[PDB]
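Data first, discussion second: the structure below is written as structure tokens.
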Amino acid sequence: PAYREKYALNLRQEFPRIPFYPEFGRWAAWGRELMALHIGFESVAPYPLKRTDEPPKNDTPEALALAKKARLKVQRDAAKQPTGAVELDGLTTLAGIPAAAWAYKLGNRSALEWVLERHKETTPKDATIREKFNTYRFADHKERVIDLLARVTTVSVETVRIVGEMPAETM
Amino acid sequence: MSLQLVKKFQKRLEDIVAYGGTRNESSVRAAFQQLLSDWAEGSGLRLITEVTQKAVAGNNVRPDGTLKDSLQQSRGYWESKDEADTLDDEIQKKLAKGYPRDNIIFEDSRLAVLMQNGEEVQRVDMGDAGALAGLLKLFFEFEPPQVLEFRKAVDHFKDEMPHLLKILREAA
Ligand SMILES: [Ca+2]
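These protein sequence lines are chains A and C, in that order. Numbers given in the authors' numbering equal positions in the first sequence, counted from 1, plus 858. With the authors' numbering, the residue at position 137 of the second sequence is 137, and numbering never jumps.
Right under this line is the structure:
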């Protein structure tokens, strides 16, 4: 974190030059853990997330259809801070995400918010693909996402911890 | 009916967006309201607007208009939308709230969908008079299976009266 803060304007205009930090052993260890979590994010232990399920509003065939549509939104409080719940679709809602897991910010979006965004049903900009090759329904990918969100919750909380164990000063 | 009434509707839809400067549903609905109303008058039905019905869920829902009979019995419904919306998208939400589907004309100013017995029977373009006049014929004539079976029993008599008259003539 401190390297990213101090040399921020440098990082923004050049290739990231690497300091010769005192220990080395500790640093390459921290980086063996980090790379494991990031590469094998499909194999990390799923964090325990509480799945709660609600029935459709009525029994109209259209209610179910409209409720199987993806919302994938972080339920936030009035302070616009995550309440630790994600409304997956109108029926399934996963909860119990730790607050620290929202801090593995890869870009302007957290790791979890990236998984949610890239699994939403967005209309293809190309017309031909919109008309003929638009066959993604979140229903078919709901279970896989429930698993990925849990695995990435572990990646996020583990990364935030390893990054917090790092010194508070840059060579 | 048919051509005469539908062609007057086409001119009235134009007069509304021209003299009013609004293409909003609340203003442009008067055109199809008067088509459905004047057709009904001739078929012994009346289009009563904004009549609240209850769904299975218990949700009160008010279609733009219902086709009532002389015994206050609903026989068809109508919902108008503006041209500035996707008719098909508004259709799922409408029926999800608890809208009827036995006989309902979902209609925006450019396209008309007739849903009978729960399935889309016909989808016409309101620009084509003959096409709309066809869909409206099926809407105003859709009958519940009770009257469908009575009509069939009246036809049975047309080939049973000879057999019945023999018995009465033999008695006379
Ligand atoms: Ca309406």
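Beta carbons: idealized from backbone N, C-alpha and C, even for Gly.
(request) Would you check if the distance between the CB atom of A/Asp947 and the CB atom of A/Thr941 is smaller than 7 Å? (result) The residue labelled residue 947 of chain A in the question sits at position 89 within the first sequence. The residue labelled residue 941 of chain A in the question sits at position 83 within the first sequence. No, the Cβ-Cβ distance between A/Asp947 and A/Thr941 is not below 7 Å.
(message) Contact defined as beta carbons within less than 8 Å: I believe residue 232 of chain C pairs with C/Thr49. What is the distance between those atoms, to the nearest angstrom?
(response) In the structure displayed, chain C extends from 1 to 172; residue 232 of chain C sits before or after that span and is not available.
(message) Looking at chain A, is there any beta carbon in it that lies within less than 7 Å of the beta carbon of C/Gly21?
(response) Reading the second sequence from its first residue, position 21 is the one you call residue 21 of chain C. Closer than 7 Å: no.
(request) For ligand 1, list every residue whose C-beta falls under 7 Å from any of its heavy atoms, going in chain order. (result) The set of residues with a C-beta under 7 Å from any non-hydrogen atom of ligand 1 comprises C/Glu25, C/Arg29, C/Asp64, C/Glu79, C/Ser80 and C/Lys81, given in chain order.
(request) Write down every uninterrupted run of the alpha helix (DSSP H) in the stretch 94-132 of chain C whose length is 4 residues or greater and which is fully enclosed by it, in chain order. (result) The qualifying runs do not exist here; there are none.
(request) Inspect the beta-carbon positions of A/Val973 and A/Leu949 and report whether they are closer than 7 Å. (result) As a first step, residue 973 of chain A is located in the first sequence; it is residue number 115 there, counting from the start. As a first step, residue 949 of chain A is located in the first sequence; it is residue number 91 there, counting from the start. No, the Cβ-Cβ distance between A/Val973 and A/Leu949 is not below 7 Å.
(request) Hey, could you find the ends of the beta strand (DSSP E) C/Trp78 is sitting in? (result) By 1-based counting over the second sequence, the position of residue 78 of chain C is 78. For C/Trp78, the enclosing beta strand (DSSP E) covers residues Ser74 to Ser80.
(request) Give me the Cα-Cα distance between A/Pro877 and C/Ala84, rounded to the nearest whole angstrom. (result) Position 19 of the first sequence, counted from the first residue, corresponds to residue 877 of chain A. Position 84 of the second sequence, counted from the first residue, corresponds to residue 84 of chain C. Approximately 60 Å between the Cα atoms of the pair.
(message) Pull the bridge partners of C/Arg46 from the DSSP assignment, please.
(response) Translated into positions along the second sequence, residue 46 of chain C becomes position 46. C/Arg46 pairs with C/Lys68.
(message) Could you pull the DSSP bridge partners for A/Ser968 from this structure?
(response) In the first sequence, the residue the question calls residue 968 of chain A occupies position 110. A/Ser968 is bridged to A/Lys963.
(request) Please say whether A/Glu920 and C/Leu136 have beta carbons closer to each other than 7 Å? (result) As a first step, residue 136 of chain C must be located in the second sequence, where it is residue number 136. As a first step, residue 920 of chain A must be located in the first sequence, where it is residue number 62. Taking a C-beta distance under 7 Å as the contact criterion, C/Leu136 and A/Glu920 do not qualify as a contact pair.
(message) Considering only their Cβ atoms, is the gap separating C/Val6 from C/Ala131 smaller than 7 Å?
(response) Position 131 of the second sequence, counting from 1, holds the residue named residue 131 of chain C. Position 6 of the second sequence, counting from 1, holds the residue named residue 6 of chain C. No, these two residues do not count as a Cβ contact at 7 Å.
(request) Tell me whether C/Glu107 is buried or exposed, calling it buried when 16 or more other Cβ atoms sit within 10 Å of its Cβ. (result) Against the second sequence, residue 107 of chain C aligns to sequence position 107. Counting of Cβ neighbours within 10 angstroms places C/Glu107 among the buried residues, the total reaching 16 or more.
(request) Evaluate C/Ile167 with the Cβ neighbour count: other Cβ atoms within 10 Å of its Cβ, from every protein chain shown; 16 or more gives buried, anything less gives exposed. (result) Start at 1 with the first residue of the second sequence, and residue 167 of chain C comes out as number 167. Exposed, since its Cβ has fewer than 16 Cβ neighbours within 10 Å.
(message) Alpha carbons only, please: which of A/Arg988, A/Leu970 and A/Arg1002 is nearest the one belonging to A/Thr1012?
(response) Position 154 of the first sequence, counted from the start, is the residue given in the question as residue 1012 of chain A. Of the candidates A/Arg988, A/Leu970 and A/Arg1002, the one whose C-alpha sits nearest the C-alpha of A/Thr1012 is A/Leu970.
(message) Only counting the same chain, and skipping five residues up and downstream in sequence, which positions put a Cβ closer than 7 Å to that of C/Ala55?
(response) The residue you call residue 55 of chain C lines up with position 55 of the second sequence. Excluding positions up to five away in sequence, the list reads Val61 and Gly98.
(message) Under 9 Å, CB to CB, which of the residues in the stretch 79-100 of chain C have a partner in chain A?
(response) Cβ proximity to chain A below 9 Å picks out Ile91, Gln92, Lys93, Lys94, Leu95, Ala96, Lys97, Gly98 and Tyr99 from the stretch 79-100 of chain C.
(message) Looking at chain A, is there any beta carbon in it that lies within less than 7 Å of the beta carbon of C/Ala57?
(response) Within the second sequence, residue 57 of chain C is the residue found at index 57, counting from 1. Yes, C/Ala57 lies at the interface with chain A (some Cβ there is under 7 Å from its Cβ).
(request) Give the single residue among C/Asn117, C/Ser27 and C/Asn24 whose Cα lies nearest to the Cα of C/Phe139. (result) Walking along the second sequence from the start, residue 139 of chain C turns up at place 139. When only C-alpha atoms are compared, the closest one is C/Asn117.
(message) Rounded to whole angstroms, what is the Cα-Cα separation between A/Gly898 and C/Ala57?
(response) Here the question's residue 898 of chain A lines up with position 40 in the first sequence. Here the question's residue 57 of chain C lines up with position 57 in the second sequence. The alpha-carbon atoms of A/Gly898 and C/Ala57 are separated by roughly 48 Å.
(request) Give the C-beta separation of A/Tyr861 and A/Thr1028 to the nearest angstrom, bearing in mind that I take them to be a contact with Cβ-Cβ under 8 Å. (result) Taking the first sequence and counting its residues from 1, the one referred to as residue 861 of chain A is at position 3. Taking the first sequence and counting its residues from 1, the one referred to as residue 1028 of chain A is at position 170. Confirmed, Cβ separation roughly 5 Å.
(request) Tell whether a beta-carbon distance below 7 Å holds between A/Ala925 and A/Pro914. (result) Numbered from 1 along the first sequence, position 67 holds the residue referred to as residue 925 of chain A. Numbered from 1 along the first sequence, position 56 holds the residue referred to as residue 914 of chain A. In this structure, A/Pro914 lies closer than 7 Å to A/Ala925 by Cβ.
(request) Would you be able to state if there are at least three C-beta pairs under 8 Å between the stretch 20-29 of chain C and the stretch 65-82 of chain C? (result) Short answer: they touch.
(request) For C/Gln53, write down the residues that DSSP places opposite it in a beta bridge. (result) As a first step, residue 53 of chain C is located in the second sequence; it is residue number 53 there, counting from the start. For C/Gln53, which the question treats as bridged, DSSP gives the partners C/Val61.
(message) With a threshold of 6 Å on Cβ separation, who are the neighbours of C/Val124 within its own chain once the five nearest residues in sequence on each side are excluded?
(response) Taking the first residue of the second sequence as 1, we reach residue 124 of chain C at position 124. The answer, listed in chain order, is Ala112, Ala131, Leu132 and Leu135.
(message) Rounding to the nearest angstrom, what Cα-Cα distance links A/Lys927 and A/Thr951 in this structure?
(response) Against the first sequence, residue 927 of chain A aligns to sequence position 69. Against the first sequence, residue 951 of chain A aligns to sequence position 93. Just so you know, the alpha carbons of A/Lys927 and A/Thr951 end up roughly 13 Å apart.
(message) Based on DSSP bridge pairs, tell me the residues matched to A/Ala953.
(response) On the first sequence, residue 953 of chain A is found 95 positions in, with the first residue counted as 1. For A/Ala953, which the question treats as bridged, DSSP gives the partners A/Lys908 and A/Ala943.
(message) Check this for me: beta carbons of A/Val1015 and A/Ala959, under 7 Å apart or not?
(response) Position 157 of the first sequence, counting from 1, holds the residue named residue 1015 of chain A. Position 101 of the first sequence, counting from 1, holds the residue named residue 959 of chain A. In contact: A/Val1015 and A/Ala959 (Cβ atoms closer than 7 Å).
(message) Just to confirm my understanding: we take A/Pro859, look at its own chain, exclude 5 residues before and 5 after, and list those with CB closer than 7 Å. What are they?
(response) The residue you call residue 859 of chain A lines up with position 1 of the first sequence. Excluding positions up to five away in sequence, the list reads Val1021 and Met1024.
(message) Can you confirm whether A/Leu949, when its beta carbon is compared against all beta carbons of chain C, has any partner nearer than 7 Å?
(response) As a position in the first sequence, residue 949 of chain A is number 91, starting the count at 1. The C-beta of A/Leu949 comes no closer than 7 Å to any C-beta of chain C.
(request) List the endpoints of the continuous alpha helix (DSSP H) containing A/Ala866. (result) The residue given as residue 866 of chain A occupies position 8 in the first sequence. Segment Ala866 to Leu869, the alpha helix (DSSP H) holding A/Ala866.
(message) Going by DSSP, what residue range makes up the alpha helix (DSSP H) through A/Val1021?
(response) Taking the first sequence and counting its residues from 1, one reaches residue 1021 of chain A at position 163. Note, A/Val1021: alpha helix (DSSP H), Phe996 to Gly1022.
(request) Counting only the same chain and skipping the five closest in sequence on each side, list residues whose C-beta sits under 8 Å from that of C/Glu120. (result) The residue given as residue 120 of chain C occupies position 120 in the second sequence. Here the set comprises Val113 and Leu114.
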